[PDB]
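Consider the single chain below, provided in C-alpha cells and representing the form deposited in one PDB entry.
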C-alpha cells in the first residue's frame, strides 16, 4: 500500500507542489501522474520548480533529488538520468537559501543586505550562474535566496 502514483518521497524535510497527497489524486485511468508545473523543495534549504507538463509516475524522488546547502543534485549516478526533457532532466528554476559570502579570514558570513549591496554580492551570483551554464534570476539577501534558471541537470 504505497503511493498511487508510485512516487517515493519519505524524507520529512522534503515537500512537493502539488503535495504528495494531491498527487495521489492526480492519477489517470492508466496509472500515470501528469501535472502542469511541479515543485520539489526541502525546508530550510531550497526548492526546484519545473514548468510545463511533467510526468511524475514512479519517480523515486528520494533517490533522484537531493537539495543540500547551496547545492542541488537531480539524478546522482549518471546512468539513472533520462534524456533531456524526460523525468526531471529538464528546464527548471532553482532556489537555494542561505547563500551568503564567507569571510574566510573572520570565519563568519556576511548576511546583512547593507553589506551584501556594499560588496555587490549580487554580481558574484550573476557571474557564477553564467559560469555554470545557468541564467541568474534573483537574489533575496535577507534569506540569502539565490534563484537561477537551468536548462537540464
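Shifts are known only where both forms have a C-alpha. Numbering follows the first chain given and starts at 1. Rigid core: the largest C-alpha set superposing within 1.5 Å between the two forms.
Separately, the form deposited in another entry exists; it is not shown, and the next lines address it.
- Relative to the superposed rigid core, residue 104 undergoes a CA displacement smaller than 2 Å between this form and the one not shown.
- Core-superposed comparison between this form and the one not shown: the CA of residue 117 exceeds or equals a 2 Å shift.
- Segments of at least three consecutive residues in which every Cα is displaced by 2 Å or more between this form and the one not shown, once the core is aligned, are found at 105-107, 113-115, 117-120.
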